[PDB]
Protein chains: 2
Amino acid sequence: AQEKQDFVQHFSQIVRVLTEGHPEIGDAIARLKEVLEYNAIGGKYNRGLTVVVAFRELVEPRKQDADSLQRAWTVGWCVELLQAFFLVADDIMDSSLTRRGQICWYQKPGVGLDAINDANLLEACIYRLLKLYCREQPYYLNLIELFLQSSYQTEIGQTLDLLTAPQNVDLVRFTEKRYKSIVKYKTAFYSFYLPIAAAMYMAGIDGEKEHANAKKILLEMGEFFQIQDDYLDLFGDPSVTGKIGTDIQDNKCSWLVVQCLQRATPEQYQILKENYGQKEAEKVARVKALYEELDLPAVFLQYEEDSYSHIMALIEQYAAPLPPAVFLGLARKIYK
Amino acid sequence: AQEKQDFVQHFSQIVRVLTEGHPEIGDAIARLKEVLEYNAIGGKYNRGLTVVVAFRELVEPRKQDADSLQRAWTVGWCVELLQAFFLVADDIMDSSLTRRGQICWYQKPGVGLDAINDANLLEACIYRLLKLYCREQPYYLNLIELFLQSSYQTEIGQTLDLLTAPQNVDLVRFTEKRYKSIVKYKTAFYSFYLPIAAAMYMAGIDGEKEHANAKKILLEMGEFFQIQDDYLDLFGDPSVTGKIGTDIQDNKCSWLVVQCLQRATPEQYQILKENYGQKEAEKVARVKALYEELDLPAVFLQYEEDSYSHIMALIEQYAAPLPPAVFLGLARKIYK
Ligand SMILES: Cc1ccc(-c2cc3c(N[C@H](Cc4ccccc4)P(=O)(O)O)ncnc3s2)cc1
Ligand SMILES: Cc1ccc(-c2cc3c(N[C@H](Cc4ccccc4)P(=O)(O)O)ncnc3s2)cc1
Ligand SMILES: [Cl-]
Ligand SMILES: [Cl-]
């Protein structure tokens with residue numbers, strides 16, 4: 001909330017600029033506006049904010065002029081638009097209903113599958129903003145390359161997930177090797193690496209060793225973030241989190257299920273194969289209870305402590321010559 | 001067919017390279033292969049070929065080494081991948097059934113809406129190929145900018161079309177101003193301008209006057225191409241064309257309907273408002289017949305002659321200092 005204020009006020013500009021002497025596309029543009037208003041707003045904006053906070057921590061207080069700052073808030077919003085893009089499109093693919101307690105864009109009367117083209121525009125906006133605000137800067141190409149690669153990392157990932165978890169009831173697919181691989185591609189690169197990485201390029205730090213080291217820390221934070229994300233879906237107090245859960249109820253390849261699958265006598269595979277993915281609550285319950293009887297909440301605690309220790313070693317070994325404050329900023333947030 | 005041979009043999013490489021020491025994404029990559037094989041192949045490859053033919057016509061026979069040529073066949077394939085991307089995604093949005101006489105990707109058993117992520121990968125491949133083959137070249141950024149802008153031109157366009165023509169039976173929307181605007185954004189930039197424009201950049205011709213002039217010729221060729229595309233859907237002998245038509249049968253904003261709407265007594269608006277968009281053949285027929293009784297086939301002939309004259313004036317006035325052979329190559333094809 002120290003720099004969240006200005007970030008969200010700058011949105012109104014993002015839209016002003018994306019929406020304008022080419023008269024008869026005017027209507028398409030109208031609709032672009034509606035799209036962004038509804039789909040870019042209403043999150044907690046952490047990823048986009050990471051770019052701003054990191055940019056401030058990374059630069060000479062000298063070279064942080066109004067223009068510099070203009071570009072940090074933008075490239076921050078470019079990340080929130082990348083996300084909206086995956087989110088709109090995944091929500092169609094998963095046949096989701098709500099998101100941020102609010103009806104999904106594609107479920108709205110009159111949108112439906114038009115949401116496909118809408119998502120594509122969310123993505124297109126990224127590269128419009130980069131041209132409008134950074135075409136001049138030494139790191140212009142680096143930012144295009146980054147976003148593009150982050151998109152591809154993410155898409156490869158979603159493909160893996162879909163292949164793993166048919167919305168075709170199968171647990172043989174749900175392995176640790178595979179789960180780590182899904183999380184890395186689908187959530188970790190775009191959620192942890194993209195934003196620090198963007199800030200670094202903006203700072204003129206483009207050595208692929210520096211990035212090699214930053215990615216290493218960040219990708220592991222990404223694993224924890226998701227593994228914690230999967231724990232809370234079930235056991236996390238829904239008021240503390242802000243969501244009912246459908247990890248079991250929707251045949252997801254959770255961390256939970258992966259670890260239960262690693263730790264279960266055949267007689268237990270069945271009770272899981274019997275009620276994982278069912279709509280009935282009676283069924284949703286007799287997995288939860290199996291998880292509880294495998295002390296998995298306790299196995300999570302064990303992983304959280306290890307993970308934590310490890311992030312700090314990685315920060316110790318690889319943050320240099322960046323301020324650890326970049327990493328500890330994130331670590332603080334995610335280890336709540 | 002003079003240079004179509006090598007173009008289609010080079011595909012096999014395109015795939016070899018897009019699909020490879022990161023072991024557990026291996027499956028996602030498998031699937032990418034399936035995606036491209038099925039969706040990049042089976043067209044007539046005109047747009048991608050335009051890049052190759054234009055590259056040859058545009059360069060010093062000196063500077064056309066194996067490497068140069070390697071990059072022309074690629075950036076040609078980059079265009080065929082852009083198209084596959086719009087095509088897969090539009091075919092979902094339109095609830096289409098077949099395409100190239102062949103079941104659409106999304107209708108295949110096990111694909112469905114996963115086709116969304118599949119289309120996104122088709123698009124991602126463009127930028128992988130550009131990095132793999134051109135990162136070094138002076139025009140690398142120009143080609144990224146071009147493709148990105150061509151994507152956005154196209155998406156803006158599809159948005160306009162969707163807004164115009166709810167798959168909501170309305171003719172008031174179907175105007176000439178609007179039709180020209182749909183065709184320009186949705187089909188003309190990516191089909192005519194992208195490929196000549198790509199070849200020019202590859203040739204080191206990047207002046208925005210040169211491109212200003214090339215786009216002018218090409219966008220008008222784009223209008224004709226589509227306007228002819230809409231004529232043939234109905235009256236075009238389906239063996240000469242290679243498609244049954246559902247321009248009327250699917251409430252499309254055709255050239256036909258636009259011109260019939262411009263030329264019709266109220267008593268005729270009704271007969272159109274009565275049977276445009278109906279599945280029944282009896283209904284599909286009593287529009288066709290209205291079109292015939294408005295001598296629209298004859299109005300098409302009148303437009304084809306004018307259009308033709310005009311393309312040549314535009315070529316006369318704006319081709320320089322490019323070989324007219326670049327433009328007359330296309331004009332020859334499209335004016336069949
Ligand atoms: C780079 C980066 C850094 C921090 C975060 C955080 C997300 C988050 C958060 N998420 C919400 C959902 C959620 C995720 C994980 C745990 C609990 C709730 P949403 O996506 O509805 O804003 N909730 C509470 N604190 C945090 S911190 C994300 C990315
Ligand atoms: C830049 C550019 C230049 C020429 C073409 C052509 C397409 C085409 C063509 N299309 C087929 C469909 C069709 C379009 C227009 C008229 C008749 C058929 P498809 O997309 O199944 O390959 N058929 C016959 N000749 C041609 S020439 C496209 C782009
Ligand atoms: Cl400046
Ligand atoms: Cl070379």
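As the structure lists them, so they are numbered: ligands from 1, and atoms in each ligand from 1. Every chain is numbered from 1, with letters handed out A, B, ... down the list of sequences.
Look at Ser191(B) and you'll find a heavy atom under 4.0 Å from some atom of ligand 2. Proximity of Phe225(B) to ligand 2 is established by a heavy-atom distance of less than 4.0 Å.
Listed by number with element, the atoms of ligand 1 under 4.0 angstrom from any heavy atom of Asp229(A) are 14 (C), 15 (C), 16 (C). If you number the atoms of ligand 2 from 1 as listed, the ones under 4.0 Å from a heavy atom of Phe192(B) come out as 1 (C), 2 (C). The distance from ligand 2 to the heavy atoms of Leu232(B) drops below 4.0 Å at these ligand atoms: 16 (C), 17 (C). Interface atoms of ligand 1 facing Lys44(A), defined by a heavy-atom separation under 4.0 Å, are 22 (O).
Other residues, nucleotides and ligands place more than 12 heavy atoms under 6.0 Å from the CD1 atom of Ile205(A).
Of all the heavy atoms of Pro195(B), none lies under 4.0 Å from any atom of ligand 2, so neither backbone nor side chain is involved.
Judged purely by distance below 3.5 Å, without hydrogens or angles, the side chains of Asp230(A) and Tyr179(A) pair a donor atom with an acceptor atom.
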Start with the C-alpha gap between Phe224(B) and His310(B), add the side-chain angles, then the distance that decides, and say whether ring-ring contact (aromatic ring centres under 6.0 Å, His included) holds.
CA-CA 11 Å; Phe224(B) 169 80; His310(B) 176 33; over 10 Å; no
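Between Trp77(A) and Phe11(A), the gap from one ring centroid to the other is short of 6.0 Å.
Salt bridge status for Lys184(A) with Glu223(A): absent, with no side-chain N to carboxylate O gap under 4.0 Å.
Looking only at side-chain heavy atoms (C-beta outward), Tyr335(B) and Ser307(B) come within less than 4.5 Å of each other.
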